[PDB]
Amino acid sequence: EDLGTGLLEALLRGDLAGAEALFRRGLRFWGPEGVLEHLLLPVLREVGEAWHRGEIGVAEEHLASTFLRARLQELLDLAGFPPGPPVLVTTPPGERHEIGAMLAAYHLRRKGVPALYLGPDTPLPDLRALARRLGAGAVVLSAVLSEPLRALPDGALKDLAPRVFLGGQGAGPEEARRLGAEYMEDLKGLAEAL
């Protein structure tokens, strides 16, 4: 697992070419899904750990996250966008971590589901209005922090779309039930739940 360390080290020195080359190598080794699990995700977690310990600053994290977000968006577009009633994917209001939402939309598209990624931080009434107008079959929410969920009143997610899914590190079964959403433990079960 040299690639994880090397990719991080390449990004931290502002070597985009080297970072890109290391990521492509991961894609070659593990394929699209594999490179997320073994490279993109571990690096994102380590970046958070390094910042938390004071080993790197915010600007370093920004650089790494922006790079990896660009790579995931590539895979997202590579997965394609099929016809039919879309599934809207975003994060609850106040939640600015968006890569979990992108990841969810990615796994849905891989299964032929037209997951529309909106970006993060969408007000619930606006989310519901879009879902209604596009005739969206479902809404998917990624919660990394728990406070944006705790800030919501009971039943807040209930009427967003015919089906409403909630997951992420910030989400739990008890909280999803309170908000009126279906809890999904992992991305594996999310794709099959539809």
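Note that the rigid core is defined as the largest set of C-alphas that superpose within 1.5 Å between two forms. The first residue of the sequence shown is number 1, and the count goes up from there.
For 52-60 versus 162-170, the mean Cα distance to the shown form in 6 other deposited structures of this protein after rigid core alignment is larger for 52-60.
The mean C-alpha temperature factor is higher for 74-82 when 74-82 and 100-108 are set side by side. Looking at the C-alpha B-factors along this chain, the one for residue 40 belongs to the lowest third. Among the modelled residues of its chain, residue 49 has a C-alpha B-factor that falls in the highest third, as given in the PDB entry. Annotation for residue 30: C-alpha temperature factor in the highest third relative to the rest of the modelled chain, per the entry. The deposited CA B-factor of residue 136 belongs to the middle third of values across its chain.
Among the modelled residues of its chain, residue 144 has a C-alpha B-factor that falls in the lowest third according to the deposited record.
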